[PDB]
Asker: 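One structure coming up, written as structure tokens, with questions to follow.
Heavy-atom basis, side chains included; hydrogens, waters and symmetry copies ignored. Order of appearance sets the numbers: ligands from 1, and atoms from 1 within every ligand. In the text below, chain A, chain B and the rest are named by the order of the sequence lines, each starting its count at 1.
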6 protein chains.
Amino acid sequence: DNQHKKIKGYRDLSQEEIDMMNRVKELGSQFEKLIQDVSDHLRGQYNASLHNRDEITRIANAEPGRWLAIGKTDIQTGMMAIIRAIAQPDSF
Amino acid sequence: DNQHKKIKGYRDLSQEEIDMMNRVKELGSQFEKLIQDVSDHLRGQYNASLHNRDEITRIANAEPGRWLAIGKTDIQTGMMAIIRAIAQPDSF
Amino acid sequence: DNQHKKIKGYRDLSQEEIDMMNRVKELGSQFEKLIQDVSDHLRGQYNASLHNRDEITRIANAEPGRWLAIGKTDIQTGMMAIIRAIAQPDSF
Amino acid sequence: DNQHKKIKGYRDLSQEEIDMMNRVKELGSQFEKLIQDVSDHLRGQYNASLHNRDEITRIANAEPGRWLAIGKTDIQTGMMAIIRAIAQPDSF
Amino acid sequence: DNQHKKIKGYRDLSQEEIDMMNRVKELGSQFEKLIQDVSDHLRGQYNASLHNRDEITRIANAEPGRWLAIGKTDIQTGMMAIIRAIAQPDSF
Amino acid sequence: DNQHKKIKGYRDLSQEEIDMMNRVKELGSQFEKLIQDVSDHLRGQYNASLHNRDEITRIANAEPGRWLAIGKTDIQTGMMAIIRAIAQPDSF
Ligand SMILES: Nc1nc(=O)c2ncn([C@@H]3O[C@@H]4COP(=O)(O)O[C@H]5[C@@H](O)[C@H](n6cnc7c(N)ncnc76)O[C@@H]5COP(=O)(O)O[C@@H]3[C@@H]4O)c2[nH]1
Ligand SMILES: Nc1nc(=O)c2ncn([C@@H]3O[C@@H]4COP(=O)(O)O[C@H]5[C@@H](O)[C@H](n6cnc7c(N)ncnc76)O[C@@H]5COP(=O)(O)O[C@@H]3[C@@H]4O)c2[nH]1
Ligand SMILES: Nc1nc(=O)c2ncn([C@@H]3O[C@@H]4COP(=O)(O)O[C@H]5[C@@H](O)[C@H](n6cnc7c(N)ncnc76)O[C@@H]5COP(=O)(O)O[C@@H]3[C@@H]4O)c2[nH]1
């Protein structure tokens with residue numbers, strides 16, 4: 001019970017603050033779905049092109065799965081930073 | 001006309017690809033609105049607390065405007081990386 | 001009371017988990033002190049060298065205050081990522 | 001001998017500067033130990049929960065090992081940036 | 001034809017702008033070659049030292065391939081950010 | 001003399017290693033010049049458009065100076081990471 005009191009820097013949050021944090025989290029869920037959809041597109045693109053070496057080489061050179069992972073991490077850490085701006089912990 | 005042909009690594013894109021890129025951009029617009037709303041909350045919070053030194057010191061120590069800017073940059077660069085995964089330029 | 005239940009993805013945490021999170025936060029406090037000490041060194045270095053244009057130009061070109069801010073942000077976001085690995089939210 | 005003279009932008013450093021850089025490196029060693037401890041916790045958590053599919057799915061969805069790696073990289077690059085603020089190379 | 005008009009925020013670009021963007025891309029190609037050369041050095045270093053456990057352990061602890069990948073990503077995203085400063089999309 | 005021995009994790013470097021590190025630094029100097037050129041373009045663009053509010057608003061919304069600074073930092077930290085892959089310090 002009341003885990004936050006045990007965590008350093010955590011402070012009490014009002015309903016407005018919690019609602020804003022949850023708004024950020026919800027938008028992120030939409031990004032997650034978009035990322036899954038892009039991953040699904042990539043899976044199809046790769047499959048459609050196996051045996052067509054030129055396209056497989058082009059896709060390997062574009063590295064789209066690596067870039068999608070980069071984007072996912074930036075989206076998640078940006079969400080965390082916005083939420084920190086709302087929640088405002090009293091610690092480094 | 002056809003600026004992309006002049007830009008290195010840029011390739012022709014199908015309507016499905018362009019639609020996915022635009023989907024990413026649209027979700028980002030929603031993030032922009034959320035960020036503005038958080039900035040507006042912060043402006044109000046600061047204003048409501050001027051002359052209450054303890055709260056002004058607490059807010060200064062939490063640095064919420066800096067964290068909001070950090071989050072904005074991560075959201076934008078993540079969008080760029082997801083869009084690169086869709087668009088797949090043929091260059092470093 | 002029990003703010004975490006209202007925040008999406010947040011889950012109950014055991015004492016061991018909270019103790020590890022707090023360990024991360026404590027180490028960060030040590031980094032904060034080190035960063036302040038470096039900022040103090042920089043303030044002195046700059047002061048000692050005003051009127052010695054060559055050194056002031058060299059310091060301006062090294063941009064040490066900007067680099068210290070870069071380091072501070074990376075330390076804080078790394079702390080946040082380690083703490084997320086311990087706390088393990090059930091959301092994007 | 002005197003490798004630094006051969007490296008562009010590297011400049012001579014006083015004992016105080018070297019001591020501060022080493023202070024940063026030492027604090028980092030403490031972070032390394034903490035990261036290993038978290039990795040050990042994660043290994044145990046996973047092991048304790050194999051055959052309990054719901055928990056294994058939850059852990060896979062939280063991606064704590066990926067987040068721990070993210071945190072490690074941010075800690076290391078932040079250390080590098082703080083050390084650059086102390087050492088102040090005369091190059092881009 | 002004219003894919004840019006279909007992509008949100010994309011604007012018409014003059015020849016000077018496109019030439020600057022391509023200048024960035026070209027410099028990046030030079031970085032790609034340097035990165036390949038470093039990867040080749042690492043491959044040789046590892047090979048030359050197999051059976052010399054102490055050196056293999058030292059290399060594993062330095063993690064140079066991971067650091068090279070980190071550097072590659074930072075170079076590519078920095079290129080993207082400079083190009084965005086030139087191209088100036090009218091969107092988030 | 002021999003400052004590196006006093007810095008933790010620093011190891012002796014061969015001429016080939018130092019030459020590769022310097023190659024990275026040199027390429028970076030080329031990036032610095034390109035960044036200055038882009039900054040100069042931006043200064044001119046802004047100047048040419050003062051009193052044309054629509055263009056000044058568009059430029060303010062694109063935030064090209066902020067994006068150029070983002071790119072500069074990513075280029076510099078990527079250089080640092082590549083150089084760490086060559087130099088291979090024996091510390092966290
Ligand atoms: N002042 C204050 N009071 C709070 O109650 C509170 N709760 C969170 N925060 C801070 O918000 C910011 C963003 O949170 P996010 O959920 O994105 O990341 C969180 C989330 O991924 C995870 N986490 C924290 N608590 C829990 C929890 N109870 N369950 C699951 N995951 C958790 O660990 C990350 C980092 O936490 P901190 O980096 O220590 O504090 C956070 C951070 O500064 C708070 N700040
Ligand atoms: N002016 C100046 N004089 C110096 O003697 C000096 N030594 C280091 N630095 C700069 O400090 C900053 C942080 O150093 P860190 O050790 O975290 O990263 C270092 C470290 O990981 C690695 N490295 C450099 N020299 C060695 C070395 N001799 N042995 C092992 N690793 C080394 O390569 C990284 C990047 O070096 P640079 O990015 O070229 O210069 C560094 C950087 O700006 C110096 N700056
Ligand atoms: N205003 C404007 N008009 C343009 O014509 C234009 N073209 C690109 N940009 C923006 O430049 C910046 C850097 O571009 P880079 O090529 O590094 O990344 C690009 C590139 O990796 C990829 N991409 C975009 N279009 C194509 C394309 N036609 N073919 C291949 N890859 C493409 O997707 C990345 C992100 O694009 P955005 O993040 O939506 O817009 C870019 C970005 O802001 C433009 N901005």
Asker: For a 4.5 angstrom cut-off between non-hydrogen side-chain atoms, does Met79(A) reach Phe31(B)?
Answerer: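 In short, these two side chains touch, coming nearer than 4.5 Å.
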
Asker: Stepwise, does the side chain to side chain donor-acceptor pair (under 3.5 Å) test hold for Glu17(A) with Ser14(A)?
Answerer: CA-CA 5 Å; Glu17(A) 281 160 332; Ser14(A) 44; 2.8 Å; yes

Asker: If the criterion is any heavy atom closer than 4.0 Å to an atom of ligand 1, which residues make the list?
Answerer: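 The 4.0 Å shell around ligand 1 contains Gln3(A), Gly9(A), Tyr10(A), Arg11(A), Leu13(A), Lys25(A), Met80(A), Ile83(A), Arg84(A), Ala87(A), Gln88(A), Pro89(A), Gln3(C), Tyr10(C), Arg11(C), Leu13(C), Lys25(C), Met80(C), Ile83(C), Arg84(C), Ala87(C), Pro89(C).
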
Asker: Could you tell me whether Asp1(E) atom CG has more than 12 heavy atoms of other residues or ligands within 6.0 Å of it?
Answerer: no

Asker: First locate atom CZ of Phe92(A), then atom CD of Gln76(C), and finally report the distance between them rounded to the nearest 0.5 Å.
Answerer: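 CD of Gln76(C) is found 4.0 Å from CZ of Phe92(A).
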
Asker: Just checking, any donor-acceptor pair under 3.5 angstrom between side chains of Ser29(D) and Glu26(D)?
Answerer: no

Asker: Could you give me the CA-CA distance, side-chain angles and deciding distance for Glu63(C) and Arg84(D), then say whether salt bridge (charged side-chain N to carboxylate O under 4.0 Å, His left out) is met?
Answerer: CA-CA 9 Å; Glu63(C) 295 183 294; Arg84(D) 173 160 185 165; over 6 Å; no

